[PDB]
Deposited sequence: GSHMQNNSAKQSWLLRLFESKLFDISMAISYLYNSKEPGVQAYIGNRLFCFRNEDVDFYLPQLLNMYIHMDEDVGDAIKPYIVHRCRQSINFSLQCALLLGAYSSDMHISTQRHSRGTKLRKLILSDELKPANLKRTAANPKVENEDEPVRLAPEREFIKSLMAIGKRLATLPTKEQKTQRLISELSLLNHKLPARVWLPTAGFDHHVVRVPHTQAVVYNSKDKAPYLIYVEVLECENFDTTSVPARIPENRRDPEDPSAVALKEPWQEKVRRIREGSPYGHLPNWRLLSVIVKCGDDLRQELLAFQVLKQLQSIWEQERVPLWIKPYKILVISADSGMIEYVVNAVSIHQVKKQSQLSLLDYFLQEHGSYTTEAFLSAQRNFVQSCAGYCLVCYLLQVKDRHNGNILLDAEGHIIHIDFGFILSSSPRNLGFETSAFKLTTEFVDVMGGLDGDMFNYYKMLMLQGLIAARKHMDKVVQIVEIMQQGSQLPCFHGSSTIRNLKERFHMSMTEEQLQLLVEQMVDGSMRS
């Protein structure tokens, strides 16, 4: 139609709209036209939709796939990181089919050092399965990671870091195994060197070391103090681009449903910023290694509320007063504002995504006062509760900050309605050809759209927010 070409020509045509028509249009000429406009969007804008594109190349008809293939091949040549995350996502979502063949080609045509490093970190986690205690696992984790330094520096990077870099040293001592489970996750710290563009800068120079435990001491300390001991005892800590990263390696849990939640989190974060609503959420990057392994971006200066309640032996309100300050100091009033804004943010994230399995082991607390929800495993298809302890930090029911917590949820829901399509398509595309527990009964997307309550007036949204808060109690 003349109008469609006009809309595509019209600036209103953004990268989100190109995805929707590519997923919905049955006209190949329209699919092929959009497959050529991908080259004209920004590099960063299209990458956010890479799980949607590669899932469309694998599970849609050959017309949709062969319209996406030229942009993927072009991007795989520009960025080796793009090549890596492509092959990882290709083999993750196809149980066979065309994607295996594409993945083999990407692997065949400098990726071997990176693939060897990732294959090692997953081999370490699997080997720790025979050791029953969490301290016996940590004893082998640290000595095995001390062997990766024999292969460093190298053409090896961590995709969960927003910048291009090379891994130069790993401090084995600071790594910790989380629990005594067979598929137990573990945390690792990695020293990297940032560059302007990874595919142009050569491997950094190697600097040896010589122990005596001056920096090996692994103790519970602030992140600012954990870096100081590491940078001091490191041979690369004197460099300007020296940066310390933190990654959680889960070698036996599937993180694809955690990647879907990362996108929905980052889109809502984009929607509220656009609508100038001061909500707050924390999206942590997910590196899907395979259909049952991956990595988690470790947020620093953040600890489970279950651990804050155990370590401090206090209540939540008592901890903020001790950690931040009195009712009349600026330090507490700031941490309370960050608590309220982050709560109202994650309240909507929970309601819209139906995030079940909500206890204080899956809720964090950063140093500024925000909260962070993790383990998006029971979503769509235990529910979120604003417990008696949470209402206290906001000054009680009749207080001002609780009414502000109420209005923040309303403003953020009005905002999410103005951009419902950008969020639903993230979930709707991934339902294609997936066997994840979130998609079941074919009502997953019908009920997801129904929860936005597009038909309701703003007056009826107010009463809807009142009811939701009462249930959360």
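Missing C-alpha coordinates mark the following deposited-sequence intervals, in order: 1 to 10, 106 to 113, 128 to 150, 252 to 254, 426 to 435, 528 to 529.
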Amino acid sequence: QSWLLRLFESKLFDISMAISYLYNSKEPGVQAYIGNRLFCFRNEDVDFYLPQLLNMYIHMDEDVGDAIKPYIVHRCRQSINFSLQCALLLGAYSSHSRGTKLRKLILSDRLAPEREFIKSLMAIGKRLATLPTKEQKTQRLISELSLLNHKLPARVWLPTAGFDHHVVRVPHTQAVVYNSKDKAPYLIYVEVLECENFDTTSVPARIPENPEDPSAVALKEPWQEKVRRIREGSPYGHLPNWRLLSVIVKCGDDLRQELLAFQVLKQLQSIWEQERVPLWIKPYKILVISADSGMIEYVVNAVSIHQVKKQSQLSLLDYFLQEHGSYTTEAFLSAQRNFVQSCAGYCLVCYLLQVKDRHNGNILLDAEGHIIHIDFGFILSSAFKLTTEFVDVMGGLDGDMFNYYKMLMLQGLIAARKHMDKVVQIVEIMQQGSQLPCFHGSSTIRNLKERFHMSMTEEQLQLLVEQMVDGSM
From here on, numbers count along this sequence of modelled residues.
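Comparing 110 to 118 with 361 to 369, the stretch with the higher mean C-alpha B-factor in the PDB entry is 110 to 118. Of the two stretches examined, 344 to 352 and 304 to 312, the record assigns the greater average C-alpha temperature factor to 304 to 312. Of all the options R276, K266, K250, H96, the entry's greatest CA B-factor is assigned to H96. Reading the B-factor column for the CA atoms of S381, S83, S246, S270 in the entry, the top value corresponds to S381.
Ranked by C-alpha B-factor against the other modelled residues of its chain, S434 falls in the highest third. Residue-level temperature factors show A261 in the lowest third of its chain, judged at the C-alpha atom.
The deposited CA B-factor of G412 belongs to the lowest third of values across its chain. In the PDB entry, a CA B factor belonging to the highest third of its chain's modelled residues is recorded for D61. For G395, the recorded CA temperature factor ranks within the middle third of the chain's modelled residues.
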